[PDB]
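These notes concern the structure reproduced below.
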Amino acid sequence: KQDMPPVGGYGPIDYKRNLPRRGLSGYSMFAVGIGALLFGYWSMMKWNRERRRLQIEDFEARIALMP
Amino acid sequence: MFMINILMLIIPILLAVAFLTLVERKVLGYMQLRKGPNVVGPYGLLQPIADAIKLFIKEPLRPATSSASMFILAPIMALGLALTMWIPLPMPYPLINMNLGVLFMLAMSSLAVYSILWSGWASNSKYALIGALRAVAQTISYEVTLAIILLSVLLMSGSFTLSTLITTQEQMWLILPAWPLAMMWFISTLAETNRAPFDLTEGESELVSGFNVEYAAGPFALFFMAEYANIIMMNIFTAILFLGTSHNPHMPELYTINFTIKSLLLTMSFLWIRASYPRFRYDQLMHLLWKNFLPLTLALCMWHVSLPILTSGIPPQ
Ligand SMILES: CCCCCCCCCCCCCCCCCC(=O)OC[C@H](COP(=O)(O)OCCN)OC(=O)CCCCCCCCCCCCCCCCC
Ligand SMILES: CCCCCCCCCCCCCCCCCC(=O)OC[C@H](COP(=O)(O)OCCN)OC(=O)CCCCCCCCCCCCCCCCC
Numbered sequence: 007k008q009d010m011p012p013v014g015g016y017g018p019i020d021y022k023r024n025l026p027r028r029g030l031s032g033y034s035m036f037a038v039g040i041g042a043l044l045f046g047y048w049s050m051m052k053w054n055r056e057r058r059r060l061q062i063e064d065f066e067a068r069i070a071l072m073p
Numbered sequence: 001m002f003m004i005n006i007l008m009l010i011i012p013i014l015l016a017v018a019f020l021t022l023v024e025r026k027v028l029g030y031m032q033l034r035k036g037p038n039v040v041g042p043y044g045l046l047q048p049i050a051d052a053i054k055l056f057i058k059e060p061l062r063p064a065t066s067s068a069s070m071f072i073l074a075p076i077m078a079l080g081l082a083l084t085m086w087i088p089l090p091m092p093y094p095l096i097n098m099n100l101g102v103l104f105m106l107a108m109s110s111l112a113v114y115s116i117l118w119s120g121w122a123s124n125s126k127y128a129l130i131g132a133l134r135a136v137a138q139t140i141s142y143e144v145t146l147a148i149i150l151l152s153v154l155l156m157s158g159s160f161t162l163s164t165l166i167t168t169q170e171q172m173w174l175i176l177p178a179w180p181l182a183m184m185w186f187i188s189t190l191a192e193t194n195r196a197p198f199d200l201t202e203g204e205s206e207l208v209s210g211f212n213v214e215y216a217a218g219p220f221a222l223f224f225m226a227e228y229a230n231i232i233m234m235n236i237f238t239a240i241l242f243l244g245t246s247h248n249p250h251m252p253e254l255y256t257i258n259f260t261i262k263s264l265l266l267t268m269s270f271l272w273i274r275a276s277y278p279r280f281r282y283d284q285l286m287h288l289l290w291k292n293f294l295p296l297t298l299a300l301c302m303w304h305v306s307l308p309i310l311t312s313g314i315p316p317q
């Protein structure tokens, strides 16, 4: 008279299938990308242009000597 | 004391390829929910000094049907260019100040495939005869995916030296203005240096066929050794090019501290890719170079030609 099945206490667990979490898609991407990339080239032309100014100063000390 | 500097660079890096083989599996182990080398270390840490001596005791046979002067010449050229490439590389001061050394990397990365063409031929038959011919074929095609987008940042750097490659990045961390090129920079070195997803080279390669298939543990001990010396060298080359650190002349000590921490992080990715993704089935490997990788690389090439002109932002040299 000592046998298994309980009178109660059950679930069940699902048979389902779901993890579609979105996700920042669909014109949200391709907009943060271009907005990041244009910040890069804007951070250029303030350094590459400025280094060309110091470049001419480096040639300047050459030319003020050599006679 | 120049000669004491060279030996101060070859010897402390053979530990870092021997203490990567141990971190090859501890990192790959906790992804599987299991501990590292548990019993011999105590923590593992003494594993490779025991795992090195066994190879040089175990009998180094040569195959009877093999050639002679080719089979024992490719491991000479294996460790030669795997260690010669570490020379012109600033941290913060390089050993050698080459005028143009970025090109010298491709002058060193080109000849490595000329040993695989030897060893696949030098020993024996079909499991490395034709099976290594189609390993030279993948490594040649990923230079034109490589050499173009290596040039595509030099239009913005200014010249060919590497001291300017740290000067131009004092305020930028240059992965941002070129992040499409930075993607295909990664996958190239992921497939050229013969690694895990694009893996018809080593051991995943029909899972039976490799260039390691015939070398007993005498000459084999370098092949693995030498090879692991490339993979921490494209990582030390990516992090001096895109993700450049800051140099201070009064404090060179704080350069390397903030530097070796970064090349280690990218080196983790070559381990962290292998525990996710399957192979590529040799057609689809090369089907995505021409058809898919290559026409974008010309597209950004024409983009990076005109954009320094139509910004009036010419880099000075
Ligand atoms: C199996 C064992 C038997 C084989 C043993 C021999 C194997 C040797 C294989 C080594 C192959 C490496 C060859 C690489 C050549 C490239 C060297 C180079 O270009 O160095 C860069 C530098 C350029 O000059 P620059 O940058 O302007 O200098 C700064 C000036 N302000 O140039 C310089 O700094 C100086 C240039 C002159 C230096 C001497 C010439 C260099 C080459 C000497 C070795 C000859 C090559 C041997 C054949 C190679 C075979 C693979
Ligand atoms: C107008 C202003 C200017 C506009 C600028 C706009 C900028 C846009 C930039 C776009 C260019 C950069 C993107 C590079 C292209 C991606 C490469 C590619 O095309 O892969 C295509 C590949 C082909 O397969 P598919 O077409 O999907 O067909 C099978 C479907 N059943 O399908 C694939 O997806 C393959 C995926 C890669 C294959 C290797 C995967 C192995 C693991 C690699 C992980 C790498 C992770 C990141 C790398 C490190 C990053 C730091």
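Protein sequence lines, in the order shown, are assigned to chains A and B. Residue numbering for the first sequence follows the UniProt record's numbering, starting at 7 and increasing by one per position. Residue numbering for the second sequence follows the UniProt record's numbering, starting at 1 and increasing by one per position. Where a beta carbon is used, it is the ideal one built from N, C-alpha and C, also for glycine.
Under 7 Å from the C-beta of residue i: neighbouring residues of chain B
| i | result |
| --- | --- |
| A:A42 | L176 |
Residue-level contact to chain B via CB, residue i, 8 Å cutoff
| i | result |
| --- | --- |
| A:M72 | no |
| A:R57 | yes |
| A:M35 | no |
| A:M51 | yes |
| A:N54 | yes |
Limits of the unbroken alpha helix (DSSP H) element including residue i
| i | result |
| --- | --- |
| B:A82 | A74 to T84 |
| B:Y114 | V113 to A122 |
| B:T21 | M3 to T21 |
| B:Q138 | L133 to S141 |
| B:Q284 | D283 to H287 |
| B:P180 | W179 to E192 |
| B:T297 | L294 to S306 |
| A:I62 | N54 to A70 |
| B:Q47 | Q47 to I53 |
| B:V102 | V102 to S109 |
| B:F259 | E253 to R274 |
| B:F220 | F220 to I231 |
| B:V153 | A147 to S157 |
| A:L44 | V38 to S49 |
| B:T65 | Per DSSP, B:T65 belongs to no alpha helix (DSSP H) and is neither H nor E. |
| B:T167 | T164 to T167 |
| B:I236 | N235 to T238 |
Test: residue i CB closer than 8 Å to a CB of chain A
| i | result |
| --- | --- |
| B:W185 | no |
| B:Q138 | no |
| B:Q284 | no |
| B:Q47 | no |
Neighbouring residues, chain A, relative to residue i (Cβ below 9 Å)
| i | result |
| --- | --- |
| B:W179 | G39, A42, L43 and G46 |
| B:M172 | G46, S49, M50 and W53 |
Residues near residue i in its chain [Cβ-Cβ closer than 7 Å; skip 5 each side]
| i | result |
| --- | --- |
| B:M233 | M85 and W86 |
| B:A178 | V153 |
| B:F223 | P75, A78, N212 and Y215 |
| B:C301 | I148 and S152 |
| residue 323 of chain B | As displayed, chain B neither begins before 1 nor continues past 317, which places residue 323 of chain B out of reach and without an answer. |
| B:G203 | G210 and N212 |
| B:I261 | none |
| B:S246 | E170 |
Close-in-space but distant-in-sequence residues of the same chain around residue i (CB under 6 Å, 5 per side omitted)
| i | result |
| --- | --- |
| B:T201 | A135 and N194 |
| B:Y282 | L200 |
| B:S123 | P63, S66, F71 and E214 |
8 Å Cβ shell around residue i - same chain, five flanking residues per side excluded
| i | result |
| --- | --- |
| B:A147 | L106 |
| B:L254 | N248 |
| B:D199 | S205, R279 and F280 |
| B:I309 | none |
| B:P60 | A216, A217, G218 and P219 |
Chain B residues whose Cβ lies nearer than 9 Å to that of residue i
| i | result |
| --- | --- |
| A:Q61 | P316 and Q317 |
* Quick one: which residues of the region 297-316 of chain B get their C-beta closer than 9 Å to a C-beta of chain A? List them in chain order. => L307, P308, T311, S312, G313, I314, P315 and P316
* Residues in the region 220-236 of chain B having any Cβ partner in chain A nearer than 7 Å -> none
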